[PDB]
Amino acid sequence: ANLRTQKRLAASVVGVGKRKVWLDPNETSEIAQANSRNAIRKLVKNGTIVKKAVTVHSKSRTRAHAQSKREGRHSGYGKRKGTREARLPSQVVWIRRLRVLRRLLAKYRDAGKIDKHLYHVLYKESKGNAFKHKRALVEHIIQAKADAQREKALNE
Amino acid sequence: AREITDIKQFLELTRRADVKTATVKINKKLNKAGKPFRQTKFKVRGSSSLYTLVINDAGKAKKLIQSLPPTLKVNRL
Amino acid sequence: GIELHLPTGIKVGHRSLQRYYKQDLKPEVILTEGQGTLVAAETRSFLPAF
Amino acid sequence: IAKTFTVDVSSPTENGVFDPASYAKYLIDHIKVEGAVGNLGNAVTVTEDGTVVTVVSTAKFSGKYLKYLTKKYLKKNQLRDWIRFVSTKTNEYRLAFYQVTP
Amino acid sequence: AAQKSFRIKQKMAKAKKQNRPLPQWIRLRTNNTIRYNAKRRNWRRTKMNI
RNA sequence: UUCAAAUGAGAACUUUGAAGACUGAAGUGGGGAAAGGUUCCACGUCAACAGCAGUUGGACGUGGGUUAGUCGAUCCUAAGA
RNA sequence: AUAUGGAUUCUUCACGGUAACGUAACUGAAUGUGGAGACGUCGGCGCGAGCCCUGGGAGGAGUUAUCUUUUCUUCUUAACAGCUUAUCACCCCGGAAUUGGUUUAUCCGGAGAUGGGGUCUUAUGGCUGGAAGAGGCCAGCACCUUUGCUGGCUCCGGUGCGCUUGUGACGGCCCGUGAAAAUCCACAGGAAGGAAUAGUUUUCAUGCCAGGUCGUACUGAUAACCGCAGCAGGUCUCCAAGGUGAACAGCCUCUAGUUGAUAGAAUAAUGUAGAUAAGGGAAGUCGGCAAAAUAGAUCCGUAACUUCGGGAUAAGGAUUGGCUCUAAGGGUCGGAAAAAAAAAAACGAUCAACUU
Ligand SMILES: [Mg+2]
Ligand SMILES: [Mg+2]
Ligand SMILES: [Mg+2]
Ligand SMILES: [Mg+2]
Ligand SMILES: [Mg+2]
Ligand SMILES: [Mg+2]
Ligand SMILES: [Mg+2]
Ligand SMILES: [Mg+2]
Ligand SMILES: [Mg+2]
Ligand SMILES: [Mg+2]
Ligand SMILES: [Mg+2]
Ligand SMILES: [Mg+2]
Ligand SMILES: [Mg+2]
Ligand SMILES: [Mg+2]
Ligand SMILES: [Mg+2]
Ligand SMILES: [Mg+2]
Ligand SMILES: [Mg+2]
Ligand SMILES: [Mg+2]
Ligand SMILES: [Mg+2]
Ligand SMILES: [Mg+2]
Ligand SMILES: [Mg+2]
Ligand SMILES: [Mg+2]
Ligand SMILES: [Mg+2]
Ligand SMILES: [Mg+2]
Ligand SMILES: [Mg+2]
Ligand SMILES: [Mg+2]
Ligand SMILES: [Mg+2]
Ligand SMILES: [Mg+2]
Ligand SMILES: [Mg+2]
Ligand SMILES: [Mg+2]
Ligand SMILES: [Mg+2]
Ligand SMILES: [Mg+2]
Ligand SMILES: [Mg+2]
Ligand SMILES: [Mg+2]
Ligand SMILES: [Mg+2]
Ligand SMILES: [Mg+2]
Ligand SMILES: [Mg+2]
Ligand SMILES: [Mg+2]
Ligand SMILES: [Mg+2]
Ligand SMILES: [Mg+2]
Ligand SMILES: [Mg+2]
Ligand SMILES: [Mg+2]
Ligand SMILES: [Mg+2]
Ligand SMILES: [Mg+2]
Ligand SMILES: [Mg+2]
Ligand SMILES: [Mg+2]
């Protein structure tokens with residue numbers, strides 16, 4: 002009983018690797034009759050030939066580790082390898098910050114929250130790194146509005 | 002290949018002299034309100050292309066199956 | 302551990318054998334009287350061609 | 011928005027291996043609604059006539075969940091290997107035997 | 002090669018028929034000196050050089 | 001690497017099941033180019049060959065197999081002849 | 001090859017739109033002109049595809065003394081076709097200094113910006129057809145050289161400095177500016193050609209026929225090729241999962257694939273490869289040869305010299321796990337008879353990343 006043929010077939014027919022195929026060891030006489038891709042298909046549906054289950058790879062350990070990770074778990078120096086830059090490029094950090102600063106400055110000019118002349122300055126004042134983050138901008142804005150209102154109330 | 006829209010225009014196609022066969026397919030789908038209904042596609046094989054009319058309304062569907070030329074071969078499902 | 306004998310007089314199976322269950326197998330070879338007759342009548346014994 | 015799941019306990023019960031009351035007692039206590047157990051707020055009700063068990067749920071719940079609790083309670087009582095949770099139609103479920111021989 | 006000018010593939014054919022064993026009725030022809038085919042060639046040992 | 005079974009005159013080495021392992025996607029995976037030329041695949045087989053063995057084989061014997069208006073060549077020019 | 005329908009014409013070779021252009025069409029020889037074919041390399045950015053991750057749901061498998069709304073897995077959609085969809089670009093209105101718009105990257109504007117309203121390329125995506133009838137996942141029936149049959153379910157989302165890759169508009173580089181031809185199209189041109197009882201037309205729709213020759217198996221290498229061989233050598237290329245980590249590094253696994261390199265019994269010398277050593281610390285040797293020490297990241301600190309750019313990671317210090325916290329960093333939307341057999345009837349909300 003040499004089954005190397007029928008095992009090569011079943012693999013192609015059941016549409017899976019040779020290593021996942023299973024031939025019933027007690028039907029050995031039976032399977033030896035197969036010899037044809039058609040024959041085999043009886044044997045698959047019949048149940049005497051079977052597809053083994055994919056061996057299990059669970060991600061559960063990593064899920065758990067990434068879950069804790071996003072609680073800010075192991076960021077400690079000892080857990081770092083690449084440089085600060087290699088982790089999170091400065092250029093990306095910059096680009097993110099400006100975009101936010103500009104979409105802000107945009108939305109304001111179009112809500113009439115600021116005039117054009119004032120805008121044009123904070124665009125230049127922004128590109129030149131005068132604002133750490135989005136709140137710091139709106140602060141200087143609030144200070145510039147209350148600024149031209151102490152020049153207006155004393156010009157009244 | 003081509004979906005036909007007009008039903009007065011589809012009915013000319015049904016003759017056209019080059020169309021030997023056609024078919025009526027029945028599907029079970031559900032509308033945007035998530036309710037089960039019956040859709041019907043009229044498939045007609047032209048020489049060089051396939052025309053299919055879609056009717057979601059069941060009534061104008063069932064009656065249009067009587068609107069077919071009797072000479073023309075029809076496969077139900 | 303193989304089978305379980307229930308109060309209704311019912312033997313229930315084990316899940317470990319699950320594919321010996323779903324596996325159908327060959328039926329008995331059942332000879333017709335025509336064939337049955339002939340087989341018990343046959344004295345020619347063929348191993349050899351050499 | 012409430013969905014209705016129903017399990018058929020009939021075949022193992024009348025052959026003597028199963029308790030629809032015990033099984034239903036369990037479901038109530040082990041079902042987690044938006045948190046820990048017992049918390050069913052009249053958002054979930056396990057009711058049983060004895061040939062069928064019925065979960066009616068407004069709260070987050072599924073076939074999977076129900077199969078995971080029922081396949082779990084099976085193990086408690088060692089009726090795993092003698093019985094299997096199986097779906098006849100969507101949300102209409104059945105507890106059955108693998109090989110029944112006379 | 003797998004993409005071959007016809008002239009090449011035409012050649013390979015000839016080779017395939019020049020390798021088969023001597024026809025076993027020939028050994029019994031009167032005054033025959035030929036024991037077996039000496040011009041046999043095995044794809045592994047001797048290349049044809051086209 | 002290990003255990004059982006089948007096969008067989010004969011099993012450390014063949015086939016199946018079980019188990020343990022490794023390549024770890026820049027692979028021991030899936031395809032191709034040049035080159036080879038039937039090695040492909042089945043049946044039968046074990047004299048020589050596979051620096052042990054052999055029931056196995058890219059070995060030996062008998063056969064079967066390669067399907068195009070669209071994938072290539074064919075057409076065009078390059079350095080050149 | 002050709003026929004029917006459409007379209008054009010008594011204003012013969014169509015009409016609309018201010019325009020960019022539009023459309024189911026709408027004659028066009030000689031000759032001419034223009035386009036495509038047709039193009040480096042690198043950098044970042046935007047968009048897409050596939051993959052990766054991930055929530056809800058419908059199934060099947062696994063584990064369950066104890067815990068886990070749990071772990072694994074199926075839930076897919078081609079060429080081709082219609083309708084729609086873009087950055088760039090261009091058009092009309094209008095007329096800007098209180099200089100404005102704008103990219104990550106500072107370029108743009110009276111040779112007409114911003115703003116208002118449009119036009120196009122269809123790269124790419126979207127909905128529908130193709131097409132669920134296919135494929136996949138489950139529960140079933142019968143049949144053993146018939147072979148199939150029957151049921152269900154194939155659904156709805158999210159996220160990104162992610163990975164490969166396509167592409168776009170950009171920027172950088174050069175005493176280097178990174179093929180050619182077949183082939184097809186448009187245009188200028190007006191030869192020629194033709195209506196009113198009729199004719200033009202095949203760049204519109206539909207219909208009819210034909211598509212020759214040769215290649216096509218398999219290997220592509222720790223056995224199919226070259227090395228005299230089944231030789232640790234040599235030999236161009238595509239696709240590429242999870243974790244750790246800066247990483248296509250190393251180490252572990254998943255899909256697929258192998259488990260083939262003569263075996264058994266003992267464990268002496270000398271070996272080959274790999275290791276460790278008290279005290280000393282190059283006293284060894286032609287010679288610190290060989291080996292050891294150092295190493296990642298973060299924070300501090302960093303000389304002489306110098307072509308002012310370097311030297312420089314100079315030298316030299318300190319920190320690094322686990323756990324619980326704190327703070328900071330965003331998007332979207334709202335202000336003939338008898339018997340027997342057999343057959344049939346300045347807020348608010350909400351959503352979400354990690355990185356310090
Ligand atoms: Mg920290
Ligand atoms: Mg990085
Ligand atoms: Mg920088
Ligand atoms: Mg020669
Ligand atoms: Mg061995
Ligand atoms: Mg490994
Ligand atoms: Mg191949
Ligand atoms: Mg072979
Ligand atoms: Mg053989
Ligand atoms: Mg030998
Ligand atoms: Mg021998
Ligand atoms: Mg041979
Ligand atoms: Mg044809
Ligand atoms: Mg071609
Ligand atoms: Mg050109
Ligand atoms: Mg399309
Ligand atoms: Mg669709
Ligand atoms: Mg589609
Ligand atoms: Mg189907
Ligand atoms: Mg889908
Ligand atoms: Mg991306
Ligand atoms: Mg590449
Ligand atoms: Mg091939
Ligand atoms: Mg390969
Ligand atoms: Mg080699
Ligand atoms: Mg060779
Ligand atoms: Mg040679
Ligand atoms: Mg790669
Ligand atoms: Mg990885
Ligand atoms: Mg990482
Ligand atoms: Mg890696
Ligand atoms: Mg290794
Ligand atoms: Mg292989
Ligand atoms: Mg082996
Ligand atoms: Mg060796
Ligand atoms: Mg001894
Ligand atoms: Mg020492
Ligand atoms: Mg010491
Ligand atoms: Mg010392
Ligand atoms: Mg000395
Ligand atoms: Mg000395
Ligand atoms: Mg020396
Ligand atoms: Mg050294
Ligand atoms: Mg120095
Ligand atoms: Mg230092
Ligand atoms: Mg600490």
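Protein chains in written order, with the entry's author numbering: chain R, 2 to 157; chain k, 2 to 78; chain y, 302 to 351; chain U, 11 to 112; chain l, 2 to 51.
Where a beta carbon is used, it is the ideal one built from N, C-alpha and C, also for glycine.
First and last residue of the alpha helix (DSSP H) that includes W95/R? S91 to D111
Could one say the Cβ of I11/U lies closer than 9 Å to chain y's Cβ atoms, at least one of them? no
First and last residue of the beta strand (DSSP E) that includes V14/R? No beta strand (DSSP E) holds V14/R; the alpha helix (DSSP H) holding it covers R5 to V14.
At a Cβ threshold of 9 Å, is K323/y touching chain R? yes
CA-to-CA distance, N20/l to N50/l, given in whole angstroms: Per the coordinates, the alpha-carbon of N50/l lies some 16 Å from the alpha-carbon of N20/l.
I want to know whether the stretch 49 to 61 of chain U touches the stretch 78 to 89 of chain U - three or more CB-CB distances under 8 Å. no
Within the 9 Å Cβ cut-off, does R104/U reach chain y? no
Straight-line CA distance for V122/R to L102/R? 13 Å
Residue from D19/k, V55/k and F43/k whose Cα sits closest to the Cα of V75/k: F43/k
For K19/R, which residues from the same chain have a beta carbon less than 8 Å from its beta carbon, with the 5 sequence-adjacent residues on both sides left out? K8, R9 and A12
Cβ-Cβ distance between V25/k and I66/k below 9 Å: yes
For chain y, is any of its Cβ atoms less than 9 Å away from the one on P112/U? yes
By Cβ distance, which residues of its chain are closer than 8 Å to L69/k, with the 5 residues on each side in sequence left out? Cβ within range, chain order: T15, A23 and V75.
Distance CB(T68/U)-CB(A12/U) smaller than 9 Å: Their beta carbons are under 9 Å apart, which means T68/U touches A12/U by this criterion.
In this structure, does DSSP put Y52/k in helix, strand or coil? strand
May I ask you to report which of helix, strand or coil DSSP gives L155/R? coil
Taking Cβ positions only, does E72/R come closer than 9 Å to chain y? No, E72/R does not count as interfacial toward chain y.
Continuous alpha helix (DSSP H) stretch holding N47/R: start and end: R38 to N47
Considering just the uninterrupted stretch of the alpha helix (DSSP H) at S32/U, what are its terminal residues? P30 to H40
Write down the C-beta distance between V43/U and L50/U rounded to the nearest angstrom, noting that I regard them as a contact closer than 8 Å. 6 Å
Listed from N- to C-terminal order along the chain, which residues in the stretch 42 to 59 of chain R have their beta-carbon within a distance smaller than 8 Å of any beta-carbon of chain y? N47, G48, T49 and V51
State the Cα-Cα distance for the pair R36/l and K12/l, rounded to the nearest angstrom. For the pair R36/l and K12/l, the Cα-to-Cα distance works out to about 27 Å.
Is it true that the CB of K46/R sits closer than 9 Å to the CB of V17/R? Result no, Cβ atoms of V17/R and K46/R do not sit closer than 9 Å.
Does the stretch 59 to 78 of chain U come close enough to the stretch 341 to 349 of chain y that 3 or more CB-CB pairs lie under 8 Å? no
In the DSSP assignment, find the unbroken beta strand (DSSP E) run with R39/k in it and report its ends. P37 to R46
Is DSSP giving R88/R helix, strand or coil here? In this structure, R88/R counts as helix in the three-state DSSP scheme.
Three Cβ pairs or more, each shorter than 8 Å: is that satisfied between the stretch 96 to 106 of chain U and the stretch 16 to 23 of chain U? Touching, yes, given that three or more Cβ pairs across the two stretches are closer than 8 Å.
Could you tell me the boundaries of the alpha helix (DSSP H) in which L84/U lies? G73 to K86
Whole-angstrom distance between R77/k and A59/k, CA atom to CA atom: Between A59/k and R77/k, the C-alpha separation is close to 16 Å.
Could you check how far apart the C-beta atoms of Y120/R and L106/R are, in whole angstroms? I think they sit under 8 Å. 6 Å
Tell me the residue span of the alpha helix (DSSP H) that contains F7/l. Counting along the chain, the alpha helix (DSSP H) containing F7/l begins and ends at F7 to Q19.
With DSSP as the reference, label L138/R as helix, strand or coil. helix
From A62/k, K33/k and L51/k, pick the residue whose C-alpha is nearest to that of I5/k; which is it? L51/k
Using the C-alpha atoms, what's the distance from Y322/y back to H306/y? For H306/y and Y322/y, the gap between their C-alpha atoms comes out near 17 Å.
CA-CA distance, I115/R and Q150/R? 13 Å
Compare the beta carbon distance of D325/y and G48/R with 9 Å and say whether it is the shorter of the two. yes
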